[PDB]
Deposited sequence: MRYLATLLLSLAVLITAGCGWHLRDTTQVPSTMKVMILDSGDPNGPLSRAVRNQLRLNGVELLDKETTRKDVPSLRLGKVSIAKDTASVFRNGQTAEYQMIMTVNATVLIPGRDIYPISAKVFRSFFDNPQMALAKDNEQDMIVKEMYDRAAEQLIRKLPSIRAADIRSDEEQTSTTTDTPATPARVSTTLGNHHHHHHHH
C-alpha cells in the first residue's frame, strides 16, 4: 500500500497569512475565494507589508451550444469559466495562475425560466470550483519560489 494521511496543511505555511486583492471585492468569485481561503485557515489581511498578496484578475464566462438535435436546435449548452489570478510575494517574483471550469446542461424551451434558474445555480457552483482550483495552485507556487 504505502498510503499516509496528509501530514501538512493544504495551503503552504508561508501563505497561512495572506492579502486578497480584486477590482471587484464584493462579487461572486471574491466571495468564493475568500470562503475557500478562510475554510483552509488562512488569516486574510486588508489591502504586515511582508505578507504575499493574491490578486484576482480578469474573469470571463461563456455559454456555447455544445450539441444539437437533428433539426439544428441546441441539445446541451456547455458553460466555461476562466479565472486569471496572480500571487505577488514581496521581495520575490510575481507568480501568475489560472482556473478553468466546464459544466453542461440541457436546454428546454418549455420551462425556459426553470433552465435560467438551473443556469444561475450552475454559475454559482462554478465560482466554488474555480476557487478550489486556485487554492491547489498555492503548493506549486511554494515549490516554484524555492526553485527560483
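- Unmodelled regions of the deposited sequence, numbered from residue 1: 1-18, 66-68, 170-201.
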